[PDB]
Structure formats: C-alpha cells, structure tokens
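To start, the structure under review is shown below, and the notes come after it.
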Amino acid sequence: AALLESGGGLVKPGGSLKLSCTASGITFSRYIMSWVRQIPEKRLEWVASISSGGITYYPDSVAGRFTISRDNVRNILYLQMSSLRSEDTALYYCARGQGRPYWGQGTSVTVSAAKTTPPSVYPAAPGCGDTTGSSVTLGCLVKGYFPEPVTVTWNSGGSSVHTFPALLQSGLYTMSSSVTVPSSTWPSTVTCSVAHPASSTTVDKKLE
Amino acid sequence: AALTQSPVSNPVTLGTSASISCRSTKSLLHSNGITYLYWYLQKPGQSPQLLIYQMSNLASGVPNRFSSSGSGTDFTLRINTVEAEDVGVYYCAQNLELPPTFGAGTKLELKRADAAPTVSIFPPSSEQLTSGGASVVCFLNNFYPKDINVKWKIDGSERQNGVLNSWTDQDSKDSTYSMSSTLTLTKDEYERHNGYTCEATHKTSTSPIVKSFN
Ligand SMILES: O=C(O)CCCC(=O)Nc1ccc(/C=C/c2ccccc2)cc1
C-alpha cells in the first residue's frame, strides 16, 4: 500500500500545472480522496477533496483556480492547478484521510520567475595554520543554486555528518555540510556528493 | 474544528516519560464509538510519519513506547522512555469531518548535559577566490544548550554586516546542536586584511572559544 504523487516542478506566476497521484493497494473510487500542501512554515493546509460520490470541495484560497478529479478506471487522482501564484509554492501531498490516514512522499511545486541554477561546490578543508589532530572536521560549501532541493552525501557512509539549513542570499541558496573523522584516516580520501535534480547536475569533490 | 497544542514541551530527560497535550473545539467521538484523532511526527527533512490513528491504534513500525489517551475533546500523547531519535514535532489532527484541520505541532525538547562546541574555521578555497569571491566558514558543532553567540573580527575589528548564520535542530543521536557561521566578502576585501577571527561565546561555558587564521 503506497501513494505516489507526480508532476511538480518549476512554473512561472500565472502558469498552470497538473499533478497526478497513483496508488497500490488503495481503490480511490471508494473514498474521499484529498490533496493537502505543506508551506515552508511547516503547517499543513487543505487544498481539495472529492468524495466517492464525485462531489468536489475546495477552500476559498483555491476555489476557482484548482480542480480535483478522479479517473475511476485507471485509478488516478488529479489536481489541475491554474493561475498559479507564488503563494501556492509548496510540497503537495495526495492522501486517503478516512480511517487510517495514508499520504505519499509529496511532490514540490515552485511558482517563481527566477531561473534554475546549478550549485557551485567548494571544498572546506583546514590547510596550514591551525589544529590538526584526532578527529578533523571537513566540509563542503554549496553556493549559488536556486531551486532549493539539493542533497549532500559523504562517501555514502557516515553519521558524523552535519548538514545545515540552506539560507537564501541574493536570490540564490547557499548551505554547508560538515563531517568529522579521526585524523588516523584522512589518507583514505573524503568525498562529498552534491545532487541538485532541478538541474540534473551532481558534483563530487575529493577533499585534499 | 480547531485543534490546539502548545508549541514546545518542557525539556525531557532521556529514559523518562513525555506528555504532549492536544484538544479540539468539538468532540471527535463518532456515533460508532470511534474517536477520529490521529497523531504523526515530523522529523527534520522528512515526510510526516503516522504514529497513531483512531486514537488508540499504532501505525506500522511504531514501538509501544507510544500511546494515546483521553476523552472526546482532550488528548495526551504519551511517550514512555524517551529516546534521542524521538526528537521532532508532534501533531494531533482530526479526520472526523471533511474540512481537515491540524494542530500546530509540539516540539519535543531533549534535556542533556551541557556541552562545549567544537569550533573549526576554514579559509576561502582557491577555487572560490578564482571565480572572484571569498567566504570564510566556521563550524560550532555538538554543543548544548543551543544558546550561543558568535562574533567575527576582521583584523581584530568589529565586523557583522556580511555574516550569515544557520542552526541545526537537536541532533537525533547526541541530542546536541550545531551551527554554521559564514562571512562572505569580495575577493578584494579578503586579500586586504589577513587576521580573521571566529569567536563563539557559549553562554554557559565561559572563556570564549575562538579560532582564527592569517
Ligand atoms: O467523512 C468524514 O468522516 C470526514 C473525512 C475527513 C478526511 O477526509 N480527513 C483527512 C483528509 C486529509 C488528511 C491528510 C493528512 C496528512 C497528514 C500528514 C501529512 C500529509 C497529509 C487527513 C484527514
């Protein structure tokens, strides 16, 4: 039993987008299916619902711009969004709220004018002039990328990791990630992998 | 139907139990005897995870340290033996009536022993200076409480202006906090001066831990 949202991405103000939701083990025609969204502030917001009877519901904020529909044959839930406003930017979830709630992983919708920009990665290492002993802290600085979703991974194996929230600067996002390991193993190559799907880009850096 | 929870719990000691309250403006008890209240957890950079539904049922994968009790309007989420991975925000919500509403979330505060931040600074990488631009970075990792102030001294002088700070939420394993402090400046500004100081005053450790380079 899983729900899978699909369709998000970048879109400019006034534009339109169509999200889809498929499922395994859940028969949409039998329930009140819903769409809810998570605004950066982190509080869930109801977007739309459709009953098994086909009656649609919407809060004023989207009343005539969004349309929820269901395909009872193929078992697909739809959310047609029109006249998109920057305030509609969020993670959109598909959900079966009756009884035991179920929702998917969510799909991100960004209503913006700015243009996609891949991230610049700079290896953050000590060098010469400071403390270098047991457990040295290394890191990678990711700068100047727009669509915020970015993923930092260290040699796909490490818990001594610390990834800080991305901060916006000059219309572009910047963040850093640090990792600590015993000096008794620096000569084993440390690599940070920055993945930024909104550009299909993914840079790797070998510290030192 | 409005759901209300406090925004934070009193700090909790590992191994002890935690209580998270919630209430609704209307009874969630339905004529069929079921109470349509469900709870879920929101961890940093993750999708909400269902914990309990229909008031007393555990979702899948949820340990029995979690339990929910209460009437039709007042509820408590109980957590026996709090563990470090339990940190995050807890939401109550209702699925009795169509216009779905959610509580505001209660953040679980983990109380632990005071800890000094492990500071470390780094000079702008060549690659960065190349493309014109220099940012100096320093990390204040694994400290507690999260109360802390950081100051930048370019050549032993007041700076601020171009400094960005970022904090992590309570760590899921150590229950500590970590912070990032970045000073961004033009390749020119950087070249000029040569005495950069990262000063962290942990308001609960004295003797300002500092680092700098030339
Ligand atoms: O007819 C009735 O009994 C009332 C039905 C009410 C209903 O559909 N509820 C309902 C609808 C959507 C949700 C979504 C919850 C959620 C929770 C966490 C993450 C993402 C989504 C939760 C509940």
Side-chain angles (χ1 to χ4, degrees), chain A residues 1 32 34 36 38 42-47 49 51 55 57 59 91 93 95-106 120-131 135-141 143-144 151 159-160 162-170 174-178 180 205, chain B residues 34 36 38 40 42 44-48 50 53-54 57 59-60 89 91 93-96 98-105 118-129 131 133 135 137-139 141-142 162 164-169 171-173 178-182 184 211-214:
Chain A
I32 295 173
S34 301
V36 307
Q38 188 156 60
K42 253 56 187 61
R43 190 153 181 170
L44 277 309
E45 188 176 359
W46 174 52
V47 181
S49 298
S51 64
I55 306 306
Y57 302 78
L91 239 198
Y93 293 101
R96 195 289 298 287
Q98 318 186 77
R100 178 280 168 57
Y102 269 113
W103 53 76
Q105 282 287 300
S120 292
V121 184
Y122 304 121
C128 73
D130 300 75
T131 295
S135 298
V136 58
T137 56
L138 292 173
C140 280
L141 173 67
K143 200 170 188 298
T151 312
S159 181
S160 180
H162 277 152
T163 303
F164 305 87
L167 301 180
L168 202 48
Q169 180 176 56
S170 302
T174 303
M175 72 157 77
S176 48
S177 174
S178 55
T180 309
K205 250 73 168 58
Chain B
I34 295 176
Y36 295 79
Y38 65 91
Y40 65 89
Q42 176 69 280
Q46 286 184 49
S47 299
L50 176 59
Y53 69 92
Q54 286 183 22
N57 292 138
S60 183
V89 186
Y91 300 82
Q94 61 76 36
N95 62 169
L96 173 64
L98 240 185
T101 52
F102 321 75
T118 297
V119 185
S120 61
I121 186 178
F122 306 78
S125 59
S126 57
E127 304 178 3
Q128 213 206 326
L129 295 170
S131 59
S135 53
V137 175
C138 60
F139 299 130
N141 298 326
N142 313 63
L164 291 174
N165 295 304
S166 185
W167 288 269
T168 63
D169 289 296
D171 191 298
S172 280
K173 271 53 188 176
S178 283
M179 196 202 110
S180 190
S181 202
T182 296
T184 56
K211 282 299 194 68
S212 59
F213 70 86
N214 55 303

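Lettering of chains follows the sequences in order, A, B, ..., and the numbering in each one begins at 1.
For A/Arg43, the part lying under 4.5 angstrom from a heavy atom of chain B is the side chain only. Proximity to chain B is absent for every atom of A/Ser159, based on heavy atoms less than 4.5 angstrom apart. Only the side chain of A/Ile32 comes within less than 4.5 Å of a heavy atom in chain B; its backbone stays farther off. Contact of A/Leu91 with chain B is not made at all, since no heavy-atom distance falls under 4.5 Å. Proximity to chain B (any heavy atom under 4.5 Å) is restricted, for A/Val121, to the backbone atoms N, CA, C and O. Only the side chain of A/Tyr57 comes within less than 4.5 Å of a heavy atom of chain B; its backbone N, CA, C and O stay farther away. Heavy atoms closer than 4.5 Å to chain B are found in both the backbone and the side chain of A/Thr137. At a 4.5 Å heavy-atom cutoff, the contact between A/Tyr93 and chain B is made by side-chain atoms alone. Contact of A/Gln98 with chain B is made through the backbone alone, with heavy-atom distances under 4.5 Å. B/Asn57 does not touch chain A: none of its heavy atoms, backbone or side chain, sits under 4.5 Å away.
The two atoms that bring B/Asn95 and A/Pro101 nearest to each other are OD1-CG, 3.8 Å, heavy atoms only. Looking at every heavy atom in both residues, A/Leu44 comes nearest to B/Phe102 through O-CD1, 3.6 Å.
If you run side-chain contact (heavy atoms from CB on, under 4.5 Å) between A/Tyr122 and each of B/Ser131, B/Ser126, B/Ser135, only B/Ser131 comes through.
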(Q) Please determine whether side-chain contact (heavy atoms from CB on, under 4.5 Å) holds for the pair A/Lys205 and B/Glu127, giving the CA-CA distance in whole Å, both sets of side-chain angles, and the decisive distance to 0.1 Å. (A) CA-CA 12 Å; A/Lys205 250 73 168 58; B/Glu127 304 178 3; 3.1 Å; yes
Q.
Quick one, B/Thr184 with A/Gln169, criterion side-chain contact (heavy atoms from CB on, under 4.5 Å). Give me CA distance, side-chain angles, the key distance, then yes/no.
A. CA-CA 10 Å; B/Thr184 56; A/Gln169 180 176 56; 3.4 Å; yes
Q) side-chain contact (heavy atoms from CB on, under 4.5 Å) between B/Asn142 and A/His162: does it pass, once the steps are laid out? A) CA-CA 9 Å; B/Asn142 313 63; A/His162 277 152; 2.9 Å; yes
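Note on B/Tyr40, B/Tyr91, B/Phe122: by heavy-atom pairs under 4.5 Å with chain A, the leading option is B/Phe122. Here B/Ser178 is the residue among B/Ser178, B/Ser125, B/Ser120 with the most heavy-atom pairs under 4.5 Å with chain A. Annotation: maximal heavy-atom pairing with chain B below 4.5 Å, among A/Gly129, A/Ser135, A/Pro126, occurs at A/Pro126. Top candidate by heavy-atom pairs under 4.5 Å with chain A, chosen from B/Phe139, B/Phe213, B/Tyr38, is B/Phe139. When each of A/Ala125, A/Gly97, A/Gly139 is checked for heavy-atom pairs under 4.5 Å with chain B, A/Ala125 comes out on top.
When atom types are taken as modelled, the side chain of A/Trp103 and the backbone of B/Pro48 share a donor-acceptor pair closer than 3.5 angstrom. The main-chain N or O of A/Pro165 is found under 3.5 Å from a side-chain atom of B/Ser166 such that the two form a donor-acceptor pair.
Annotation: side chain of B/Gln54 is not in contact with side chain of A/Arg100 (no heavy-atom distance under 4.5 Å). Residues A/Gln38 and B/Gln42 have side chains in contact (heavy-atom distance under 4.5 Å, counting atoms from C-beta outward).
Between the CG atom in B/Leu164 and the CG atom in A/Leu168 there is a gap of 9.5 Å [rounded to 0.5 Å]. Here the OG1-CG distance, from B/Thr182 to A/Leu141, works out to 6.0 Å after rounding to the nearest 0.5 Å. Atoms CD1 and OG1, on B/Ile121 and A/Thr131 in that order, are 12.0 Å from each other to the nearest 0.5 Å. With values rounded to the nearest 0.5 angstrom, A/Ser160 atom OG is found 8.0 Å from B/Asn141 atom CG.
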